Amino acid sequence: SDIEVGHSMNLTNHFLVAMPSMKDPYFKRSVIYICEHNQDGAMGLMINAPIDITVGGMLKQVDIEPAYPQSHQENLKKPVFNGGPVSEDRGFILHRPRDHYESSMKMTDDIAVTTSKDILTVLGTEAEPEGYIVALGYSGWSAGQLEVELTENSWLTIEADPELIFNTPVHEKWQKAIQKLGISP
């Protein structure tokens, strides 16, 4: 009774699945990997909103001189993603843990977020992650707006896993998500 624990929930390393009754059209049928979730708001990365720029595209744009020969070339043609409306000029790399990068936050043995530029010099090369998403800008929620929108029937949530982020056709991520929640597309 004096011993509190709070039912809590903590949505980090969790996917937010847009629900049919979703408002912000921006998020209509979005799947969001939640990175941070403290008492000062939330930070997530959309994982299925691809944009008009390719990985090699922004690599050339940001003008990053590659460390090793870029032998891959196929994945270098893949799309870059819009991670959210906030800080669209910033890049976030959601990937499978491989080598050590300066600014990086490991989430699981299979998912991590790197924000240092050092990682860009291995993209297209054989030193790149075995699965990564290049996202510009991120999704943000103030103090407890997350909780609210949740109880507002706006989203559904499932624990995140790597296969949905790196091994699932972009335009298929959503459908396969709500699937795990029972609801059918």
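Each residue number is its position in the shown sequence, starting from 1.
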Per the PDB entry, mean CA B-factor is higher for 8 to 16 or 168 to 176, namely for 8 to 16
Taking the deposited Cα B-factors and averaging over 147 to 155 and over 114 to 122, the higher mean is found in 147 to 155
The residue of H72, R90, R96, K78 with the maximal C-alpha B-factor according to the PDB record is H72
Entry record, C-alpha B-factors for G57, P66, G137, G44; the maximum is at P66
Temperature factor at the Cα of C35, chain-ranked in thirds, falls in the middle
Temperature factor at the Cα of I53, chain-ranked in thirds, falls in the middle
Quick tally, chain-level thirds of C-alpha B-factors: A160 sits in the middle
